[PDB]
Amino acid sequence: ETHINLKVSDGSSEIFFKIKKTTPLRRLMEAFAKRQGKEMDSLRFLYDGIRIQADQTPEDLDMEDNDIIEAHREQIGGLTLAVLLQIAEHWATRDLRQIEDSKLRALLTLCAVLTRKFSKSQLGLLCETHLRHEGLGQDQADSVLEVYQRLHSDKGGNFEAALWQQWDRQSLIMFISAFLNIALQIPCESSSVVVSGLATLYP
């Protein structure tokens, strides 16, 4: 047999291929990614638990007829919530007048990402706590809520970008620093009987 049948699967979508044993696996990888509407490089492919490369052949790998290749989504970066909270806690105490624009831009992103980890129903408390942290008054409530609300729903990253272009540095610094302090102390869901249920799970 100069040919081999192989299945590529990601657990949901599976595809039954046939190729020649001396042909690189690239074309199968490309056809599978294409069917998920993805770029080949957004996926990785494993055989017998081992990542394999597009230039390798079923022959080099001692594949057997009807063997299975697993398609796995790439894990790009390691930004767990745990890691984001470490970053926030580190920067919360820092004087930001010092830092490069590149770090400030990234901190803006951190505030936007972390804002989106609060339920909608907490944005009011987040606003009110922001005001009390800064010593601002009800005069500013609408403007602060609108920032948080717009970040919370900022799907394109477009509002975040506008904030970076339109706000002066001192204003950005004041807001970012306010947020990083209050965000770690405020509950991420509102009260309810169901959320009180979580109390029974505390160690």
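Residue indices: 1-based, along the sequence shown.
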Query raised in the report: Mean C-alpha B-factor higher for 108-116, or for 77-85?
Result: 77-85
Report summary line: Mean Cα B-factor check, 145-153 vs 39-47, entry values; winner is 39-47
Query - Per the PDB entry, maximal CA B factor within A31, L61, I176, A161 - result: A161
Query raised in the report: Within this chain, which third does the Cα B-factor at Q56 fall in: lowest, middle or highest?
Result: middle
Query raised in the report: Mind checking which third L184 falls in for C-alpha B-factor across the chain?
Result: highest
Query raised in the report: What third of its chain's C-alpha B-factors does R97 belong to: lowest, middle or highest?
Result: highest
Report summary line: Of the three thirds of the chain ranked by Cα temperature factor, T22 occupies the highest
Report summary line: Temperature factor at the Cα of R132, chain-ranked in thirds, falls in the highest
